[PDB]
Amino acid sequence: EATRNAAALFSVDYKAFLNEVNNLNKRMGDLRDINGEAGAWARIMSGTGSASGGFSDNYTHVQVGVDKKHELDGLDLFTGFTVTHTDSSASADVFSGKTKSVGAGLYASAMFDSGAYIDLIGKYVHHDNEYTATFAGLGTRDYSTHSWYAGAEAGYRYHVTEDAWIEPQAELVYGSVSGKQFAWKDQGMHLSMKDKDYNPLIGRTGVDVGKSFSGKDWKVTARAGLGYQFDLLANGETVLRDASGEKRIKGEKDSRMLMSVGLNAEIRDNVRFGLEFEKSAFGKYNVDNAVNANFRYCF
Amino acid sequence: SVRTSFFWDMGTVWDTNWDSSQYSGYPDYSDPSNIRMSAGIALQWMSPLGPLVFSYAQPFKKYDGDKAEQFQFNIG
Amino acid sequence: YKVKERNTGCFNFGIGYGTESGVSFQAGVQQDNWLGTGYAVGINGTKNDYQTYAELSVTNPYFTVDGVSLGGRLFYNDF
């Protein structure tokens with residue numbers, strides 16, 4: 001019912017947070033083979049998806065940032081800041097709404113002489129949604145919540161071959177997002193639903209293999225992997241009320257799977273190219289993802 | 001290759017093929033009065049992919065349903 | 001006269017695949033000073049499930065010596 005829509009509201013927000021959470025070798029730039037310790041990195045992504053019950057959504061998040069350091073005694077310790085802006089829109093059977101999420105934070109990077117890679121980022125964001133739902137009779141409302149989410153990631157890419165090497169990696173982001181409290185007394189019945197501060201956390205362990213290709217004729221980034229994602233903390237508990245009585249619910253952990261991307265290549269500094277993967281798993285819960293493919297050539 | 005500006009924008013649009021006495025409660029759409037205003041910062045960069053344009057501003061004035069995208073981005 | 005050339009107009013080719021609108025197609029160019037010939041040529045188009053668009057344009061700025069310009073274009077769309 002109306003309460004079950006809240007779980008979809010968190011589940012949809014979970015995917016957006018799962019869309020907000022990304023890699024460190026793409027969003028924060030490759031922690032290795034980067035000779036400019038003072039400079040900027042960035043990444044912008046756009047996708048869409050849906051689940052069972054007609055709940056569909058489409059989102060796009062773009063992040064940038066800078067860092068500044070110099071060489072040390074074998075460790076590539078660098079520090080800097082970053083910002084990000086994301087837009088999303090979703091529609092369901094009996095509700096629909098649009099939201100944005102902009103945030104800023106700080107990051108650190110570490111590449112060691114033995115070939116280790118480590119990234120850490122942390123952002124405070126003010127994500128605001130505006131949605132209409134007639135379930136529970138509440139109507140249309142807009143609300144903003146502050147997300148303080150800090151996430152780390154580590155990995156060890158050992159030089160198996162100069163053009164192909166297996167990489168173990170593991171990431172995890174823990175965030176604090178407070179809940180919401182509202183009553184539908186404008187319709188006549190309270191039906192008050194409240195949630196206090198939540199401290200969710202989710203990570204993903206992925207084993208990957210990447211290829212180092214150069215020469216500007218290939219100049220590709222062919223890397224694939226297999227990963228399993230577990231919600232380390234799911235504290236999205238909300239307690240709703242009614243004339244008959246009051247009920248409670250809470251978020252639960254995950255054991256999701258994923259896949260990899262195809263080419264993501266380029267020719268020269270004038271041009272660009274890439275390919276993306278949409279993991280559309282209808283078998284699980286009618287889930288789906290959206291992807292793209294487009295290149296540029298400039299005279 | 002880079003150029004930054006601080007801008008103050010004003011705009012309006014209306015129809016002449018309109019009547020108001022036919023629609024008392026429905027708001028007039030023939031009045032040159034709802035002059036929308038905005039102000040902010042804008043940037044242009046002739047990147048090696050084209051003229052990339054970015055901007056962030058606030059609509060200090062608005063009317064009716066004027067949903068605003070605060071930050072704008074485009075090429076050319 | 002010593003000059004420094006700059007880029008002018010550039011190619012693009014985008015094939016976006018998805019669930020809504022499926023594998024939508026899109027490509028085209030938009031450039032004046034075509035290969036240095038001084039023309040102005042722009043072709044663009046997109047293929048979508050419910051929206052097909054195409055436009056072709058050419059313009060010679062100095063058709064005669066004095067500087068008269070001869071230009072034309074075609075466009076087709078269904079939405």
# chains A, B, ... in the order shown; residues from 1 in each chain; ligands from 1

call {"tool": "interface_residues", "arguments": {"of": "chain A", "to": "chain B", "cutoff": "10 Å", "atoms": "only C-alpha atoms", "output": "list in words"}}
result
residues 85, 269, 270, 271, 272, 296, 297, 298 and 299 of chain A

call {"tool": "write_last_selection", "arguments": {"atoms": "N, CA and C atoms", "output": "short mmCIF file (atom, residue, chain, number, x, y, z; two decimals), in the first residue's frame"}}
result
data_model
loop_
_atom_site.label_atom_id
_atom_site.label_comp_id
_atom_site.auth_asym_id
_atom_site.auth_seq_id
_atom_site.Cartn_x
_atom_site.Cartn_y
_atom_site.Cartn_z
N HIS A 85 26.67 16.56 -9.08
CA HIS A 85 25.27 16.94 -9.28
C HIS A 85 24.56 15.82 -10.03
N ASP A 269 43.78 12.48 -28.60
CA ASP A 269 43.27 13.50 -27.69
C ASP A 269 42.22 14.39 -28.35
N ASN A 270 42.11 14.35 -29.68
CA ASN A 270 41.08 15.10 -30.37
C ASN A 270 39.72 14.42 -30.27
N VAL A 271 39.70 13.09 -30.28
CA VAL A 271 38.47 12.32 -30.39
C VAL A 271 38.17 11.61 -29.07
N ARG A 272 37.00 10.99 -28.99
CA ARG A 272 36.62 10.17 -27.83
C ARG A 272 35.60 9.14 -28.27
N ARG A 296 33.03 10.60 -30.75
CA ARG A 296 33.22 11.94 -31.27
C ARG A 296 34.42 11.96 -32.20
N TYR A 297 34.30 12.72 -33.28
CA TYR A 297 35.41 12.99 -34.18
C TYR A 297 35.41 14.47 -34.50
N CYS A 298 36.55 15.12 -34.30
CA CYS A 298 36.60 16.55 -34.52
C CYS A 298 37.80 16.87 -35.40
N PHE A 299 37.56 17.65 -36.45
CA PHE A 299 38.60 18.00 -37.42
C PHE A 299 39.74 18.79 -36.79
#

call {"tool": "residues_around", "arguments": {"residues": "segment 125-135 of chain A", "least_positions_apart": "4", "cutoff": "9 Å", "atoms": "only C-alpha atoms", "output": "JSON, numbers by chain"}}
result
{"A": [1, 2, 3, 5, 84, 86, 90, 94, 95, 96, 97, 98, 99, 100, 101, 102, 103, 104, 105, 139, 140, 141, 142, 143, 144, 145, 146, 147, 148, 149]}

call {"tool": "closest_atom_pairs", "arguments": {"of": "chain A", "to": "chain C", "cutoff": "10 Å", "atoms": "only C-alpha atoms", "output": "JSON lines"}}
result
{"residue": "A:47", "atom": "CA", "partner": "C:18", "partner_atom": "CA", "distance": 9.2}
{"residue": "A:48", "atom": "CA", "partner": "C:18", "partner_atom": "CA", "distance": 8.7}
{"residue": "A:49", "atom": "CA", "partner": "C:19", "partner_atom": "CA", "distance": 8.7}
{"residue": "A:271", "atom": "CA", "partner": "C:11", "partner_atom": "CA", "distance": 9.7}
{"residue": "A:273", "atom": "CA", "partner": "C:14", "partner_atom": "CA", "distance": 9.8}
{"residue": "A:275", "atom": "CA", "partner": "C:16", "partner_atom": "CA", "distance": 9.9}
{"residue": "A:276", "atom": "CA", "partner": "C:17", "partner_atom": "CA", "distance": 9.7}
{"residue": "A:278", "atom": "CA", "partner": "C:18", "partner_atom": "CA", "distance": 8.3}
{"residue": "A:280", "atom": "CA", "partner": "C:19", "partner_atom": "CA", "distance": 9.7}
{"residue": "A:288", "atom": "CA", "partner": "C:19", "partner_atom": "CA", "distance": 8.9}
{"residue": "A:289", "atom": "CA", "partner": "C:18", "partner_atom": "CA", "distance": 8.6}
{"residue": "A:290", "atom": "CA", "partner": "C:18", "partner_atom": "CA", "distance": 5.7}
{"residue": "A:291", "atom": "CA", "partner": "C:18", "partner_atom": "CA", "distance": 6.5}
{"residue": "A:292", "atom": "CA", "partner": "C:16", "partner_atom": "CA", "distance": 5.0}
{"residue": "A:293", "atom": "CA", "partner": "C:16", "partner_atom": "CA", "distance": 5.6}
{"residue": "A:294", "atom": "CA", "partner": "C:14", "partner_atom": "CA", "distance": 4.4}
{"residue": "A:295", "atom": "CA", "partner": "C:13", "partner_atom": "CA", "distance": 6.0}
{"residue": "A:296", "atom": "CA", "partner": "C:12", "partner_atom": "CA", "distance": 5.0}
{"residue": "A:297", "atom": "CA", "partner": "C:11", "partner_atom": "CA", "distance": 5.0}
{"residue": "A:298", "atom": "CA", "partner": "C:10", "partner_atom": "CA", "distance": 4.4}
{"residue": "A:299", "atom": "CA", "partner": "C:10", "partner_atom": "CA", "distance": 5.5}

call {"tool": "write_last_selection", "arguments": {"atoms": "N, CA, C and O atoms", "output": "PDB file, in the first residue's frame"}}
result
ATOM      1  N   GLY A  47      21.776   6.869 -16.966  1.00  0.00           N
ATOM      2  CA  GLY A  47      21.169   5.563 -17.124  1.00  0.00           C
ATOM      3  C   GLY A  47      19.727   5.595 -16.670  1.00  0.00           C
ATOM      4  O   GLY A  47      19.208   6.624 -16.236  1.00  0.00           O
ATOM      5  N   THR A  48      19.077   4.442 -16.787  1.00  0.00           N
ATOM      6  CA  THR A  48      17.683   4.305 -16.405  1.00  0.00           C
ATOM      7  C   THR A  48      17.429   2.852 -16.039  1.00  0.00           C
ATOM      8  O   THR A  48      18.284   1.985 -16.228  1.00  0.00           O
ATOM      9  N   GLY A  49      16.237   2.594 -15.513  1.00  0.00           N
ATOM     10  CA  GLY A  49      15.890   1.251 -15.087  1.00  0.00           C
ATOM     11  C   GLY A  49      14.471   1.214 -14.570  1.00  0.00           C
ATOM     12  O   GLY A  49      13.740   2.207 -14.614  1.00  0.00           O
ATOM     13  N   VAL A 271      39.697  13.088 -30.284  1.00  0.00           N
ATOM     14  CA  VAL A 271      38.467  12.325 -30.389  1.00  0.00           C
ATOM     15  C   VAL A 271      38.175  11.609 -29.074  1.00  0.00           C
ATOM     16  O   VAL A 271      38.976  11.621 -28.143  1.00  0.00           O
ATOM     17  N   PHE A 273      35.327   8.178 -27.384  1.00  0.00           N
ATOM     18  CA  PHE A 273      34.481   7.017 -27.660  1.00  0.00           C
ATOM     19  C   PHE A 273      34.258   6.259 -26.359  1.00  0.00           C
ATOM     20  O   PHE A 273      35.004   6.424 -25.390  1.00  0.00           O
ATOM     21  N   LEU A 275      31.641   2.582 -24.754  1.00  0.00           N
ATOM     22  CA  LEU A 275      30.467   1.723 -24.785  1.00  0.00           C
ATOM     23  C   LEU A 275      30.082   1.386 -23.353  1.00  0.00           C
ATOM     24  O   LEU A 275      30.933   1.342 -22.462  1.00  0.00           O
ATOM     25  N   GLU A 276      28.792   1.143 -23.137  1.00  0.00           N
ATOM     26  CA  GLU A 276      28.262   0.937 -21.800  1.00  0.00           C
ATOM     27  C   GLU A 276      27.451  -0.350 -21.762  1.00  0.00           C
ATOM     28  O   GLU A 276      27.095  -0.917 -22.797  1.00  0.00           O
ATOM     29  N   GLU A 278      24.055  -2.297 -19.916  1.00  0.00           N
ATOM     30  CA  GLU A 278      22.804  -2.238 -19.170  1.00  0.00           C
ATOM     31  C   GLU A 278      22.499  -3.641 -18.656  1.00  0.00           C
ATOM     32  O   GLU A 278      22.157  -4.535 -19.438  1.00  0.00           O
ATOM     33  N   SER A 280      20.120  -5.793 -17.373  1.00  0.00           N
ATOM     34  CA  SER A 280      18.664  -5.886 -17.294  1.00  0.00           C
ATOM     35  C   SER A 280      18.297  -7.297 -16.847  1.00  0.00           C
ATOM     36  O   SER A 280      18.231  -8.223 -17.660  1.00  0.00           O
ATOM     37  N   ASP A 288      16.026  -3.783 -14.380  1.00  0.00           N
ATOM     38  CA  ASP A 288      16.624  -3.418 -15.657  1.00  0.00           C
ATOM     39  C   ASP A 288      17.598  -2.269 -15.449  1.00  0.00           C
ATOM     40  O   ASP A 288      17.572  -1.582 -14.425  1.00  0.00           O
ATOM     41  N   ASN A 289      18.457  -2.070 -16.446  1.00  0.00           N
ATOM     42  CA  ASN A 289      19.386  -0.949 -16.483  1.00  0.00           C
ATOM     43  C   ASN A 289      19.398  -0.383 -17.896  1.00  0.00           C
ATOM     44  O   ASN A 289      18.862  -0.985 -18.830  1.00  0.00           O
ATOM     45  N   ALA A 290      20.007   0.791 -18.052  1.00  0.00           N
ATOM     46  CA  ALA A 290      20.087   1.452 -19.347  1.00  0.00           C
ATOM     47  C   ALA A 290      21.518   1.903 -19.622  1.00  0.00           C
ATOM     48  O   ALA A 290      22.245   2.310 -18.711  1.00  0.00           O
ATOM     49  N   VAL A 291      21.907   1.844 -20.899  1.00  0.00           N
ATOM     50  CA  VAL A 291      23.279   2.070 -21.330  1.00  0.00           C
ATOM     51  C   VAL A 291      23.269   2.901 -22.611  1.00  0.00           C
ATOM     52  O   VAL A 291      22.217   3.317 -23.100  1.00  0.00           O
ATOM     53  N   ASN A 292      24.463   3.144 -23.153  1.00  0.00           N
ATOM     54  CA  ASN A 292      24.644   4.059 -24.274  1.00  0.00           C
ATOM     55  C   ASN A 292      25.919   3.701 -25.028  1.00  0.00           C
ATOM     56  O   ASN A 292      26.750   2.925 -24.552  1.00  0.00           O
ATOM     57  N   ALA A 293      26.063   4.288 -26.218  1.00  0.00           N
ATOM     58  CA  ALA A 293      27.252   4.089 -27.046  1.00  0.00           C
ATOM     59  C   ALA A 293      27.354   5.240 -28.034  1.00  0.00           C
ATOM     60  O   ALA A 293      26.442   5.435 -28.843  1.00  0.00           O
ATOM     61  N   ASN A 294      28.460   5.984 -27.989  1.00  0.00           N
ATOM     62  CA  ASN A 294      28.598   7.195 -28.788  1.00  0.00           C
ATOM     63  C   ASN A 294      30.058   7.626 -28.820  1.00  0.00           C
ATOM     64  O   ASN A 294      30.742   7.565 -27.796  1.00  0.00           O
ATOM     65  N   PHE A 295      30.530   8.072 -29.990  1.00  0.00           N
ATOM     66  CA  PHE A 295      31.884   8.602 -30.102  1.00  0.00           C
ATOM     67  C   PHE A 295      31.869   9.966 -30.771  1.00  0.00           C
ATOM     68  O   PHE A 295      30.859  10.417 -31.312  1.00  0.00           O
ATOM     69  N   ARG A 296      33.034  10.599 -30.748  1.00  0.00           N
ATOM     70  CA  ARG A 296      33.215  11.941 -31.267  1.00  0.00           C
ATOM     71  C   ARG A 296      34.415  11.957 -32.198  1.00  0.00           C
ATOM     72  O   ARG A 296      35.416  11.281 -31.945  1.00  0.00           O
ATOM     73  N   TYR A 297      34.301  12.717 -33.281  1.00  0.00           N
ATOM     74  CA  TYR A 297      35.411  12.986 -34.185  1.00  0.00           C
ATOM     75  C   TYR A 297      35.414  14.466 -34.501  1.00  0.00           C
ATOM     76  O   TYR A 297      34.395  15.010 -34.931  1.00  0.00           O
ATOM     77  N   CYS A 298      36.547  15.118 -34.304  1.00  0.00           N
ATOM     78  CA  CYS A 298      36.600  16.551 -34.516  1.00  0.00           C
ATOM     79  C   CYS A 298      37.797  16.875 -35.395  1.00  0.00           C
ATOM     80  O   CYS A 298      38.912  16.420 -35.121  1.00  0.00           O
ATOM     81  N   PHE A 299      37.558  17.647 -36.453  1.00  0.00           N
ATOM     82  CA  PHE A 299      38.598  17.999 -37.416  1.00  0.00           C
ATOM     83  C   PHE A 299      39.738  18.788 -36.790  1.00  0.00           C
ATOM     84  O   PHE A 299      40.632  19.258 -37.494  1.00  0.00           O
TER      85      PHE A 299
END

call {"tool": "residues_around", "arguments": {"residues": "residue 7 of chain B", "least_positions_apart": "4", "cutoff": "12 Å", "atoms": "only C-alpha atoms", "output": "number ranges by chain"}}
result
B: 37-43, 55-59

call {"tool": "write_last_selection", "arguments": {"atoms": "C-alpha atoms", "output": "CSV table (one decimal), in the first residue's frame"}}
result
chain,number,residue,atom,x,y,z
B,37,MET,CA,14.4,38.1,-14.7
B,38,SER,CA,17.5,36.2,-13.9
B,39,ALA,CA,21.1,36.8,-12.9
B,40,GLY,CA,24.2,34.7,-12.5
B,41,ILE,CA,27.6,33.6,-13.9
B,42,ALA,CA,28.4,31.9,-17.2
B,43,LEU,CA,31.5,30.4,-18.8
B,55,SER,CA,26.2,28.5,-16.6
B,56,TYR,CA,24.8,28.9,-13.1
B,57,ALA,CA,22.2,31.5,-12.3
B,58,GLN,CA,19.1,32.2,-10.3
B,59,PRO,CA,15.8,33.5,-11.6

call {"tool": "residues_around", "arguments": {"residues": "residue 17 of chain B", "least_positions_apart": "5", "cutoff": "12 Å", "atoms": "only C-alpha atoms", "output": "PyMOL selection string"}}
result
chain B and resi 28-31

call {"tool": "write_last_selection", "arguments": {"atoms": "N, CA and C atoms", "output": "CSV table (one decimal), in the first residue's frame"}}
result
chain,number,residue,atom,x,y,z
B,28,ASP,N,-4.7,35.8,-17.7
B,28,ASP,CA,-4.4,36.4,-19.0
B,28,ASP,C,-3.1,36.0,-19.5
B,29,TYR,N,-3.0,35.7,-20.8
B,29,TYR,CA,-1.7,35.4,-21.5
B,29,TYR,C,-1.4,36.4,-22.6
B,30,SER,N,-1.9,37.6,-22.5
B,30,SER,CA,-1.7,38.7,-23.5
B,30,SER,C,-1.1,39.9,-22.9
B,31,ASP,N,-0.6,39.9,-21.6
B,31,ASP,CA,-0.2,41.0,-20.9
B,31,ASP,C,1.3,41.1,-21.0

call {"tool": "closest_residue", "arguments": {"among": "A:231, A:252, A:37, A:217", "to": "residue 172 of chain A", "atoms": "only C-alpha atoms"}}
result
A:231
